[PDB]
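Let's start with one chain on its own, the form deposited in one PDB entry, as structure tokens.
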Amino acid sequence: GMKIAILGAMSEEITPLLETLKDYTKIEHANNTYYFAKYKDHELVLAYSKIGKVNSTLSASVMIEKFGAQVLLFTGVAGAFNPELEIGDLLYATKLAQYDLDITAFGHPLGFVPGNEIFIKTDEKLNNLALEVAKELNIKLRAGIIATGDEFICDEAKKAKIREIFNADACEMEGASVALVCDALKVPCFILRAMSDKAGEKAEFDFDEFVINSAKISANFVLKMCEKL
């Protein structure tokens, strides 16, 4: 077995795992709670980071450095950009960018800063494992690019602009930051999102309606990956 981090942003994205696991302990650290449970031969560490890039960066860092995570699976919801994605559909990120990281005034591409790249990649072995699990459970699973930033996108123009620049299939507020931390600390990273809305007009209303259910779809899937790991 191994130490597996399971990370989400909101309580809704992680509580379904805690209710399935039943027996777990808690540690208060980094102004948050981290949850610990056995599952098969593995030792799980779970948390919801709170929303956004800074919060998620800190949690990923803590789970690896303090709690010894050897793999990190991210589970949660996202806003769909690709028109073929429907609410509830699962998307794993092959790579991710920060659409709101902007020193373009100095001639750099949007999302780029010196020492880093525009896209951060997820782990190929974990991605292939997800494809196997999807086949076994007869679940539709799409591969794609996720654009991350610290804004809830609910505007057709913004949606279109970010989709065009990064060829992004969905948006959210934690993926690129988590994948960056994992890459930096040499930990294999998997980023899974279930669609809660289509990031346009009324996206906030669709989010409210579908978040609880979409969060469970993603959460169930990452736990099924822990079985195969």
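So that there is no doubt, residue numbering starts at 1 and follows the sequence shown. Shifts are known only where both forms have a C-alpha. The term rigid core refers to the maximal set of C-alpha atoms that superpose within 1.5 Å between the two forms.
- Comparing 80 to 88 with 144 to 152, the higher mean C-alpha B-factor in the PDB entry belongs to 80 to 88.
- The mean Cα B-factor in the deposited entry runs higher for 119 to 127 than for the other of 119 to 127 and 103 to 111.
- The maximum CA B-factor among the listed residues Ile139, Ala93, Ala97, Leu73, taken from the PDB record, is found at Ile139.
- Of the candidates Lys38, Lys50, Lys53, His29, the PDB record gives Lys38 the highest C-alpha temperature factor.
- Residue-level temperature factors show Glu201 in the highest third of its chain, judged at the C-alpha atom.
- In the PDB entry, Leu44 places in the highest third of its chain by CA B-factor.
- Annotation for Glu174: C-alpha temperature factor in the lowest third relative to the rest of the modelled chain, per the entry.
- Per the PDB record, residue ranking by Cα B-factor puts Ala215 in the middle third of the chain.
- Split the chain's modelled residues into thirds by C-alpha temperature factor. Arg193 is in the lowest one.
Absent from the display: the form deposited in another entry. The rest refers to it.
- Relative to the superposed core, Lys202 undergoes a Cα shift of 2 Å or more between this form and the one not shown.
- In the other form, the CA atoms of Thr57 and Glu204 sit farther apart than in the displayed form, by at least 3 angstroms.
- Relative to this form, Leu90 and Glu201 approach one another in the other form, with their C-alpha atoms ending up at least 3 Å closer.
- In sequence order, 199 to 220 is the sole run of at least 3 residues present in both forms whose Cα atoms shift by 2 Å or more between this form and the one not shown once the core is superposed.
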